[PDB]
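J.: So here's coords.pdb, just PDB, C-alpha atoms:
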```
ATOM      1  CA  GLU A 126    -166.747  -9.782  41.625  1.00  0.00           C
ATOM      2  CA  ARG A 127    -163.106 -10.597  40.942  1.00  0.00           C
ATOM      3  CA  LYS A 128    -162.710  -8.231  37.988  1.00  0.00           C
ATOM      4  CA  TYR A 129    -164.170  -5.326  39.961  1.00  0.00           C
ATOM      5  CA  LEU A 130    -161.510  -5.313  42.668  1.00  0.00           C
ATOM      6  CA  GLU A 131    -158.992  -5.934  39.901  1.00  0.00           C
ATOM      7  CA  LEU A 132    -159.836  -2.510  38.449  1.00  0.00           C
ATOM      8  CA  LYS A 133    -160.135  -0.839  41.847  1.00  0.00           C
ATOM      9  CA  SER A 134    -156.537  -1.893  42.479  1.00  0.00           C
ATOM     10  CA  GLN A 135    -155.334   0.567  39.787  1.00  0.00           C
ATOM     11  CA  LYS A 136    -157.770   3.492  39.882  1.00  0.00           C
ATOM     12  CA  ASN A 137    -155.602   5.058  42.604  1.00  0.00           C
ATOM     13  CA  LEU A 138    -152.319   4.740  40.719  1.00  0.00           C
ATOM     14  CA  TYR A 139    -153.847   6.388  37.665  1.00  0.00           C
ATOM     15  CA  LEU A 140    -155.218   9.278  39.716  1.00  0.00           C
ATOM     16  CA  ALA A 141    -151.836   9.815  41.368  1.00  0.00           C
ATOM     17  CA  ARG A 142    -149.928   9.871  38.087  1.00  0.00           C
ATOM     18  CA  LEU A 143    -152.408  12.320  36.584  1.00  0.00           C
ATOM     19  CA  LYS A 144    -152.208  14.705  39.532  1.00  0.00           C
ATOM     20  CA  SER A 145    -148.410  14.655  39.416  1.00  0.00           C
ATOM     21  CA  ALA A 146    -148.467  15.398  35.693  1.00  0.00           C
ATOM     22  CA  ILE A 147    -150.824  18.338  36.226  1.00  0.00           C
ATOM     23  CA  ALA A 148    -148.729  19.795  39.043  1.00  0.00           C
ATOM     24  CA  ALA A 149    -145.701  19.587  36.759  1.00  0.00           C
ATOM     25  CA  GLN A 150    -146.908  22.148  34.231  1.00  0.00           C
ATOM     26  CA  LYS A 151    -148.752  24.045  37.025  1.00  0.00           C
ATOM     27  CA  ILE A 152    -145.520  25.446  38.614  1.00  0.00           C
ATOM     28  CA  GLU A 153    -143.617  25.241  35.286  1.00  0.00           C
ATOM     29  CA  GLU A 154    -145.954  28.048  34.233  1.00  0.00           C
ATOM     30  CA  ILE A 155    -144.990  30.356  37.091  1.00  0.00           C
ATOM     31  CA  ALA A 156    -141.346  31.379  36.950  1.00  0.00           C
ATOM     32  CA  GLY A 157    -140.307  29.519  33.831  1.00  0.00           C
ATOM     33  CA  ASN A 158    -136.924  27.812  33.903  1.00  0.00           C
ATOM     34  CA  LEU A 159    -135.847  30.118  31.036  1.00  0.00           C
ATOM     35  CA  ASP A 160    -134.075  27.278  29.264  1.00  0.00           C
ATOM     36  CA  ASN A 161    -135.642  29.169  26.372  1.00  0.00           C
ATOM     37  CA  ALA A 162    -136.828  32.773  26.533  1.00  0.00           C
ATOM     38  CA  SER A 163    -139.946  31.941  24.504  1.00  0.00           C
ATOM     39  CA  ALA A 164    -142.314  32.726  27.383  1.00  0.00           C
ATOM     40  CA  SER A 165    -142.096  33.301  31.130  1.00  0.00           C
ATOM     41  CA  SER A 166    -144.860  34.501  33.421  1.00  0.00           C
ATOM     42  CA  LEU A 167    -145.281  36.186  36.799  1.00  0.00           C
ATOM     43  CA  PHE A 168    -141.530  36.704  37.109  1.00  0.00           C
ATOM     44  CA  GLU A 169    -141.079  38.692  33.897  1.00  0.00           C
ATOM     45  CA  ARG A 170    -144.272  40.740  33.844  1.00  0.00           C
ATOM     46  CA  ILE A 171    -143.301  41.798  37.363  1.00  0.00           C
ATOM     47  CA  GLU A 172    -139.701  42.433  36.314  1.00  0.00           C
ATOM     48  CA  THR A 173    -140.753  44.380  33.227  1.00  0.00           C
ATOM     49  CA  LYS A 174    -143.254  46.415  35.233  1.00  0.00           C
TER      50      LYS A 174
ATOM     51  CA  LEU B  28    -160.719  75.581  20.092  1.00  0.00           C
ATOM     52  CA  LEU B  29    -157.704  76.845  22.044  1.00  0.00           C
ATOM     53  CA  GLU B  30    -158.345  75.121  25.371  1.00  0.00           C
ATOM     54  CA  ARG B  31    -159.645  72.006  23.618  1.00  0.00           C
ATOM     55  CA  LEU B  32    -156.492  71.554  21.557  1.00  0.00           C
ATOM     56  CA  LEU B  33    -154.250  72.353  24.519  1.00  0.00           C
ATOM     57  CA  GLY B  34    -155.951  69.675  26.612  1.00  0.00           C
ATOM     58  CA  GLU B  35    -155.594  67.198  23.758  1.00  0.00           C
ATOM     59  CA  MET B  36    -151.883  67.959  23.502  1.00  0.00           C
ATOM     60  CA  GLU B  37    -151.544  67.674  27.274  1.00  0.00           C
ATOM     61  CA  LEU B  38    -152.879  64.122  27.150  1.00  0.00           C
ATOM     62  CA  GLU B  39    -150.799  63.205  24.113  1.00  0.00           C
ATOM     63  CA  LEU B  40    -147.553  64.290  25.779  1.00  0.00           C
ATOM     64  CA  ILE B  41    -147.897  61.924  28.726  1.00  0.00           C
ATOM     65  CA  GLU B  42    -148.936  59.203  26.288  1.00  0.00           C
ATOM     66  CA  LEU B  43    -145.668  59.687  24.405  1.00  0.00           C
ATOM     67  CA  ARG B  44    -143.754  59.652  27.688  1.00  0.00           C
ATOM     68  CA  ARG B  45    -145.254  56.307  28.690  1.00  0.00           C
ATOM     69  CA  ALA B  46    -144.438  54.812  25.291  1.00  0.00           C
ATOM     70  CA  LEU B  47    -140.806  55.905  25.514  1.00  0.00           C
ATOM     71  CA  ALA B  48    -140.626  54.393  28.998  1.00  0.00           C
ATOM     72  CA  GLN B  49    -141.766  51.014  27.693  1.00  0.00           C
ATOM     73  CA  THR B  50    -139.185  51.284  24.915  1.00  0.00           C
ATOM     74  CA  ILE B  51    -136.374  51.826  27.422  1.00  0.00           C
ATOM     75  CA  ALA B  52    -137.603  48.832  29.415  1.00  0.00           C
ATOM     76  CA  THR B  53    -137.342  46.201  26.683  1.00  0.00           C
ATOM     77  CA  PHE B  54    -134.036  47.690  25.470  1.00  0.00           C
ATOM     78  CA  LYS B  55    -132.703  46.904  28.952  1.00  0.00           C
ATOM     79  CA  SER B  56    -134.292  43.452  28.846  1.00  0.00           C
ATOM     80  CA  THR B  57    -132.681  42.625  25.503  1.00  0.00           C
ATOM     81  CA  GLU B  58    -129.292  43.725  26.816  1.00  0.00           C
ATOM     82  CA  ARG B  59    -129.694  41.396  29.795  1.00  0.00           C
ATOM     83  CA  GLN B  60    -130.556  38.505  27.476  1.00  0.00           C
ATOM     84  CA  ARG B  61    -127.440  39.127  25.392  1.00  0.00           C
ATOM     85  CA  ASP B  62    -125.296  39.084  28.527  1.00  0.00           C
ATOM     86  CA  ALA B  63    -126.788  35.768  29.642  1.00  0.00           C
ATOM     87  CA  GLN B  64    -126.168  34.211  26.229  1.00  0.00           C
ATOM     88  CA  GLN B  65    -122.525  35.249  26.094  1.00  0.00           C
ATOM     89  CA  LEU B  66    -122.081  33.954  29.643  1.00  0.00           C
ATOM     90  CA  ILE B  67    -123.365  30.527  28.604  1.00  0.00           C
ATOM     91  CA  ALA B  68    -121.004  30.580  25.628  1.00  0.00           C
ATOM     92  CA  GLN B  69    -118.091  31.374  27.941  1.00  0.00           C
ATOM     93  CA  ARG B  70    -119.053  28.476  30.205  1.00  0.00           C
ATOM     94  CA  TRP B  71    -119.063  26.053  27.284  1.00  0.00           C
ATOM     95  CA  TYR B  72    -115.651  27.420  26.325  1.00  0.00           C
ATOM     96  CA  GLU B  73    -114.426  26.623  29.839  1.00  0.00           C
ATOM     97  CA  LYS B  74    -115.752  23.082  29.507  1.00  0.00           C
ATOM     98  CA  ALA B  75    -113.931  22.730  26.185  1.00  0.00           C
ATOM     99  CA  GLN B  76    -110.681  23.968  27.727  1.00  0.00           C
TER     100      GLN B  76
END
```
Please express what this file holds, its structure, as structure tokens.

T.:
Amino acid sequence: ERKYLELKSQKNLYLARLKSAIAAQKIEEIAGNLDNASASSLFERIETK
Amino acid sequence: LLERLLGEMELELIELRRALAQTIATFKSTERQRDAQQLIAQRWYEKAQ
């Protein structure tokens, strides 16, 4: 009964970190920072079109 | 065969036109990239000065 709440006290932190990490690359995809011109999306296809 | 070949050529002309358009597009894009690169070089020169 002790160990269970021990783990429950960190489930949330892990979920938060994971969601932040996902969101990072999520908007890094759209409108790349163009630090390198290797690939940019949705702001170059539109520009080229 | 006359009308057949003329229709074929009619299609092929606009195909060629589209291809040349795309060529002009990336030529402009490459020029823009060159300008950005030389601008960054100039900025680093300013920092050095």

J.: Using all atoms listed in the file, which protein or nucleic acid residues come within 12 Å of residue A:170? Drop anything in the same chain fewer than 3 positions from it, and give the result as a list in words.

T.: residues 155, 156, 157, 164, 165, 166, 167, 173 and 174 of chain A; 52, 53 and 56 of chain B

J.: Now that the selection is made, can you save its residues with C-alpha atoms as a compact mmCIF listing (two decimals), in the frame of the given file?

T.:
```txt
# COMPACT_ATOMS: atom_id res chain seq x y z
CA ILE A 155 -144.99 30.36 37.09
CA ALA A 156 -141.35 31.38 36.95
CA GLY A 157 -140.31 29.52 33.83
CA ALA A 164 -142.31 32.73 27.38
CA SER A 165 -142.10 33.30 31.13
CA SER A 166 -144.86 34.50 33.42
CA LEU A 167 -145.28 36.19 36.80
CA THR A 173 -140.75 44.38 33.23
CA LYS A 174 -143.25 46.42 35.23
CA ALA B 52 -137.60 48.83 29.42
CA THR B 53 -137.34 46.20 26.68
CA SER B 56 -134.29 43.45 28.85
```

J.: May I ask you to extract the residues of chain B within 12 Å of chain A, using all atoms listed in the file, and to give them as an MDAnalysis selection string?

T.: chainID B and resid 48:57 59:61 63:64 67

J.: Which distance in Å separates atom CA of residue A:159 and atom CA of residue B:70, to one decimal?

T.: 16.9 Å

J.: Rounded to one decimal place, report the atom CA of residue A:168-atom CA of residue A:150 distance in Å.

T.: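 Atom CA of residue A:150 lies at a distance of 15.8 Å from atom CA of residue A:168.
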
J.: Quick check, in Å to one decimal: how far apart do atom CA of residue A:130 and atom CA of residue A:147 lie?

T.: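 Separation between atom CA of residue A:130 and atom CA of residue A:147: 26.7 Å.
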